[PDB]
Every structure is written in C-alpha cells, then in structure tokens.
C-alpha cells in the first residue's frame, strides 16, 4: 500500500513524500518505529498502524473500514462525516477513532485491532448535554479543557479541525493519556 515515507535520497531535495499529510486520528505528521502511516487507496486518509489497528502493512492495496464496506456513516459522538472511523460491537453504528480515544469512557477493546468500539453508553449524560463551543451543534458528546476550572466544551473532531492543542502522553505501562486544551489555553 501507499505509505508516507520520510528519508533523504541521494538525488537531494525534500526528506518527506507527503509533507502536508498528517495521521487522520492523532494528527501527527511522522511515522514511527513499527508504526507506518498508511494511505487508504479510496478516500486517501493516512493513519498510523497503531492508530487504526493495522497489524501488518499489506503489500497490495489498503482500504479503511468505511471504504472497504462502501459506507459513509456519521459518527455517534460528533457531527463530522468522513475520517478514520470504526464500527460498534454489532456493526450497526460508527465512531471516529479520535472521538473514541479522547472521550475517556469509550472502550477500544483490542489495542492491536483498535476495534470494536464499545461502552458508548458509559459516557455520562453531561458530555451529551454540553454544547460544543466550536460548532454549536446540540449533537454528540463533547470533552472539556484539561486546565483547572476551565469548562469550555468541544467535540473531539472540532477540536482537531480548529487547531486546538490535542496532547497525548505515553506512560511506562504503554497506556496513553489524552488531553485537550481550549484556544485560550493551547500552547501554540
């Protein structure tokens, strides 16, 4: 499959194939050791292996789940269509991987496969009650700024699309903490 590669040829020039391409899930621009950035050959999103559950990069074509099934579903947790999505346990509904990761109560189940997406019902009612301060659509679940006593709310996908600071911290047991910061509190 087509992957984003960073290296320097003997011909000179840039050291990256797709310089403006980021992972659709975590928006990082770089592949990592054992963690290639793989393109979907239909919708052209690029995703880390570890962000989407790609155990091994296929030598042939690769399609994301929604393209492989020929569907364009909405996310249960936000109003955005398109992007890296995974199905619920029974296959009837779909959730953005980023929404699932950044909303704490959502479960991924298998770290290797990054699916099924479960425990959506464990999201407390307060996240559904909030109105995203970025798009103002009374739909889906919103998270809040990690700053002390800042309760500005936003969808995960809206946070990514509007340039908010979305931070991941890696700990020694290989768990990952997911933090988010409103515009006023973002570092950049």
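Numbering follows the first chain given and starts at 1.
A.B. asks: Please compare 85 to 93 with 108 to 116 and name the stretch with the higher mean C-alpha B-factor in the deposited structure.
C.D. replies: Comparing 85 to 93 with 108 to 116, the higher average CA B-factor belongs to 108 to 116.
A.B. asks: Averaging the C-alpha B factors as listed in the entry, name the stretch that ends up higher: 59 to 67 or 27 to 35.
C.D. replies: Higher mean C-alpha B-factor: 59 to 67.
A.B. asks: Of the options 122, 138, 148, 155, which has the highest CA B factor as deposited?
C.D. replies: Highest C-alpha B-factor among the listed residues goes to 138.
A.B. asks: According to the PDB entry, is the CA B factor of residue 49 in the bottom, middle or top third of its chain, that is, lowest, middle or highest?
C.D. replies: CA B-factor rank for residue 49: middle third.
A.B. asks: When the deposited Cα B-factors of this chain's modelled residues are ordered and cut into thirds, is residue 127 in the lowest, the middle or the highest one?
C.D. replies: Lowest third of the chain for residue 127's C-alpha B-factor.
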